[PDB]
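S.K.: Got a structure for you, questions after.
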Protein chains: 2
Amino acid sequence: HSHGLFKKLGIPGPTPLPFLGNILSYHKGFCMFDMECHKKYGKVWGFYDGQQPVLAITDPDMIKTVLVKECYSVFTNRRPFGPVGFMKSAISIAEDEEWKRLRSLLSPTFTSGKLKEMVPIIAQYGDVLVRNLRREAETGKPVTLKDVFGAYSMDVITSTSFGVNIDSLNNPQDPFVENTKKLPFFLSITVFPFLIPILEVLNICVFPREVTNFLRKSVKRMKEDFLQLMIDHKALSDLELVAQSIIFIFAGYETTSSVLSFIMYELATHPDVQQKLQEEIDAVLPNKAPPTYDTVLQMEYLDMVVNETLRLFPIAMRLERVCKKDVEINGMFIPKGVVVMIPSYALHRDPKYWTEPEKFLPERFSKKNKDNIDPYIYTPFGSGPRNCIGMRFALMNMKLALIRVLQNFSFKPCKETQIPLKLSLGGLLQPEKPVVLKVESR
Amino acid sequence: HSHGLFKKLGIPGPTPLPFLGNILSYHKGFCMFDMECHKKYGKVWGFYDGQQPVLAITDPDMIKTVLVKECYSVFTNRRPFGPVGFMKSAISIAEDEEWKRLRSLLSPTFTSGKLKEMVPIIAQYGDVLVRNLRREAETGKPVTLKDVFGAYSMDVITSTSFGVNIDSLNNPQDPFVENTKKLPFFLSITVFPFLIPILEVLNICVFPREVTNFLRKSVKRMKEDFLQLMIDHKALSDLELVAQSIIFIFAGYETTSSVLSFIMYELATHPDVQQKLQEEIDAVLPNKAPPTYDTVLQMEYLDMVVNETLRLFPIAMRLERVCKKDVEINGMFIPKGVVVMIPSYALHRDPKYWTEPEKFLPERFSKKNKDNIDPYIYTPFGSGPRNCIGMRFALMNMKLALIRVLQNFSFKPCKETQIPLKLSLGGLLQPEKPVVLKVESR
Ligand code: HEM
Ligand code: HEM
């Protein structure tokens, strides 16, 4: 029974229930649970995911110790979760020297240079995006952003990772769109993690095996974008190749479509921001010119908008590292096996660092005020050697979509639209109700 | 499915069955399974304990790489087994830096110096041993060695680890003898290791919890022999103290009584060895003199006898290390998570290194022939930084018993006695039928 651990270390925290730990307190969302705990306990506090002790830390210096300085030595790995199957080879799930190998093997794939060659191809789908939107916009009818954005981000990730060029909203039949489209239980495997090994020997996997096979076969026909870069330490393997691609599609799809939805909601409810953004796009790109790599990096306000949205909606919600060994960081003892958690969502809406945390104010990120922003408070992409390897790609992909979408259209709230936007209470950062706006042509 | 692993590495081995792996081949004893595999596959071979791949290695240079050179870096830990509970803190079960701490904290307790202070107290029980034996011997009746030896080794371990002086064969009521005396399922948790975490969260433990409590309480009344040495890196803890003692009693009891039984069986079936041993004891210790520390270390033949018995009956049977990371030792790749196993029993009865391996011949260990004996073939106490920490104590304890027993008695086979001795087919090196001999007074 490890439920005495925090009270044995003098660390405050909500009293756990037996077996359950604190998970019942997730009933309002664990983001709301983190903020509440931050408010009532201060800088450090402990709670239990079933029998798993989790130490929340909010000190910026502690966060850097954990994310940067002591990462290879102590805090290398995320929380084991599963059942996972062959996806244990995925970089985001791999541990210690295996993760190190995959990070070293995958780093050159996510440089500025490979992104600059990807901008022309991902631009092709900005243009389909505008057409499908123009259609759903000419309907005069409120549009579901997650359906045109979910089609776009889909369209992008497949061609950048396998070169397959499809319009998911209009060729909804290509087996590659089919397979890729397919991708309550979480609640249970946190209070019953002793059951993960059972699901593992039963071939049970949270990733649909029905699909996975399709991919490993699609890789072999390509064996003679992301796939080539990997095909072209010790070298990667065939099945390893597939696990990494699967992680990329998940990352490319649900993050991008969700964030874009969040962006457009903020732009619709702040018309002045939307206009100012469009004026910047129109000045850098006269007469609806084609977005390019070098152009995107000149749009400061566009950058300020994405950053402030990511402040309000950091889709990772929490960063986590498992403590591999007894250690004493910044003046407190962390025992082996505790999960150290950085509550980014709560840190991004903390009044200690943010005046009016709940308002959407891109100027917090202006060249004037950006300097006052602590990189271990504001961590939408994490930090240290295990940060979001696709951060530059994600921002380019979102920005290229935003540019082309705003060059052609404006976004107003509908009688439908949920204002204020509410967040889903699940385990993913997404709107409760889908975002829908009036889209007018410029 | 990891059942293709060995055939994927080019490593021969018996074809596994699904889920079961090779465990059905344990039906004749896994010692017999190791010898058979050694005979049909050669120096290296792989098999599966359910889904756990095990690589058997017999090359002396490979064995040293695994046991000595690469121990801290790769092969630090034994196979996880359980459910274990608080006994995960026991040194023999602990892993990586925790094991390192306990090994460093326990090493000074097992020196020559602490043994020399223990010889007088453990001598007191050689004398009870002779009395209870004399009684069971004056019965004229065949004697069950494991009952007088099991009482002695019991009597020794309790006073050397808690100072409690009892005659287990005649004060069979003292709560300390009671509790300590109390200490099919193995078959199941090797083909269902995915069930160990379940038994863990159910407080289920292979070590009777009914007992364990008694001990941790007996430690606190002593908190104000082994216990003091520990009470008297980072310092040890109270519960940690108890887990280590429990390991010592298991080690002190079943190893010593079993080996002594094996010894006396060999001495009874080789009267010339027994006599020659008694002549040595009588010359070093005239007129049934008291065995002492310095005296024991002068009895070369006594030493040769124990060593040859340990060759025939190495109670550990196998040494094991888990491979912590992909490595390539002595010209072959070992993947992470494989259990590397040294089949000591089979290596001790291999004709490559042993002329007439099945005969009991103490002269193999004579100062003449001892030099030709490879320390990575003959490994009754293992090797490297994780070897048997109580080896010197075990040999002294056995030898002091043997000396006093042979000074007073001789041991002949009975109509009962099982000749040839057969080995139990369980998971412990012990006689099938208990050893019983005629014991005559000298
Ligand atoms: C707005 C979009 C995205 C955001 C906000 C985001 C954020 C994050 C965060 C916060 C982490 C954990 C970092 C940490 O623990 O310190 C992470 C990990 C990761 N991200 Fe992203 N991500 C995004 C999109 C992407 C995309 C599009 C890809 C690839 C196509 C990607 C690839 C990864 C990988 C592979 C990891 C695990 C890295 C490792 O363990 O070495 N991400 N991301
Ligand atoms: C004839 C008697 C004994 C024999 C043949 C024996 C043999 C062994 C062997 C073969 C190992 C594993 C070594 C390896 O993996 O390299 C071992 C481990 C160990 N032995 Fe013994 N043993 C005996 C008695 C004892 C006694 C009496 C004690 C203590 C009271 C003891 C304490 C230990 C411990 C604590 C370990 C685990 C060490 C670690 O993991 O650091 N042994 N023993």
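Ligands are numbered from 1 in the order shown, chains are lettered A, B, ... in the order of the structure tokens, and residues start at 1 in each chain.
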Could you pull the residues within 8 Å of stretch 238-245 of chain A, counting only C-alpha atoms, minus those fewer than 6 positions along the same chain, as a ChimeraX atom specification?
M.R.: /A:86-87,89-91,161,215-216,219,226-227,230
S.K.: What are the closest atom pairs, with distances in Å to one decimal, for all residues of chain A lying within 7 Å of chain B? Consider only C-alpha atoms, order rows by chain and residue number, and present the result as a tab-separated table.
M.R.:
residue	atom	partner	partner_atom	distance
A:194	CA	B:197	CA	5.0
A:197	CA	B:194	CA	5.0
A:198	CA	B:194	CA	5.6
S.K.: May I have the selected residues written with N, CA and C atoms, as a PDB file, in the first residue's frame?
M.R.:
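So the final result, stored in again-v8.pdb, reads:
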ATOM      1  N   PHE A 194      -2.751  -3.220 -13.018  1.00  0.00           N
ATOM      2  CA  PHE A 194      -2.309  -4.606 -12.917  1.00  0.00           C
ATOM      3  C   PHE A 194      -2.923  -5.523 -13.975  1.00  0.00           C
ATOM      4  N   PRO A 197      -0.696  -6.180 -18.420  1.00  0.00           N
ATOM      5  CA  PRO A 197      -0.051  -7.400 -18.936  1.00  0.00           C
ATOM      6  C   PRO A 197      -1.021  -8.461 -19.444  1.00  0.00           C
ATOM      7  N   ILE A 198      -2.226  -8.554 -18.875  1.00  0.00           N
ATOM      8  CA  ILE A 198      -3.211  -9.509 -19.385  1.00  0.00           C
ATOM      9  C   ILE A 198      -3.634  -9.143 -20.801  1.00  0.00           C
TER      10      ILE A 198
END
S.K.: So which bits of stretch 15-190 of chain B end up helix (DSSP H, G or I) when you DSSP the backbone, as a ChimeraX atom specification?
M.R.: /B:23-28,30-41,60-69,85-89,96-110,112-138,145-162,175-182,185-190
S.K.: Would you mind listing the residues within 7 Å of ligand 1, counting only C-alpha atoms and all ligand atoms, as a PyMOL selection string?
M.R.: chain A and resi 67+91-93+99+103+247-249+251-252+255-256+259+310+314-316+319-320+379-384+386-391+393-395
S.K.: Output as a ChimeraX atom specification all residues of stretch 57-169 of chain A that backbone DSSP marks as strand (DSSP E or B).
M.R.: /A:57,77,143-144
S.K.: Between B:293, B:110, B:301, B:207, which is the closest to ligand 2 once you count only C-alpha atoms and all ligand atoms?
M.R.: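 Closest to ligand 2, using only C-alpha atoms and all ligand atoms: B:110.
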S.K.: Go through B:426, B:343, B:413, B:18 one by one, measure the shortest atom-to-atom distance of each to ligand 2 using only C-alpha atoms and all ligand atoms, and give the residue with the smallest value.
M.R.: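 So, comparing all the options, the nearest one is B:343.
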S.K.: Find the spatial neighbours of residue B:126, counting only C-alpha atoms, within a cut-off of 7 Å - ignore same-chain residues fewer than 6 positions away - and output them as an mmCIF file with N, CA and C atoms, in the first residue's frame.
M.R.:
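What ended up in around_21.cif:
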data_model
loop_
_atom_site.group_PDB
_atom_site.id
_atom_site.type_symbol
_atom_site.label_atom_id
_atom_site.label_comp_id
_atom_site.auth_asym_id
_atom_site.auth_seq_id
_atom_site.Cartn_x
_atom_site.Cartn_y
_atom_site.Cartn_z
ATOM 1 N N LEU B 400 31.366 -26.899 10.520
ATOM 2 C CA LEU B 400 31.401 -27.043 11.971
ATOM 3 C C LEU B 400 30.444 -28.144 12.404
ATOM 4 N N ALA B 401 29.290 -28.229 11.731
ATOM 5 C CA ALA B 401 28.378 -29.344 11.954
ATOM 6 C C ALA B 401 29.027 -30.670 11.562
ATOM 7 N N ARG B 404 31.852 -31.877 14.233
ATOM 8 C CA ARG B 404 31.320 -32.388 15.494
ATOM 9 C C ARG B 404 30.501 -33.664 15.304
#
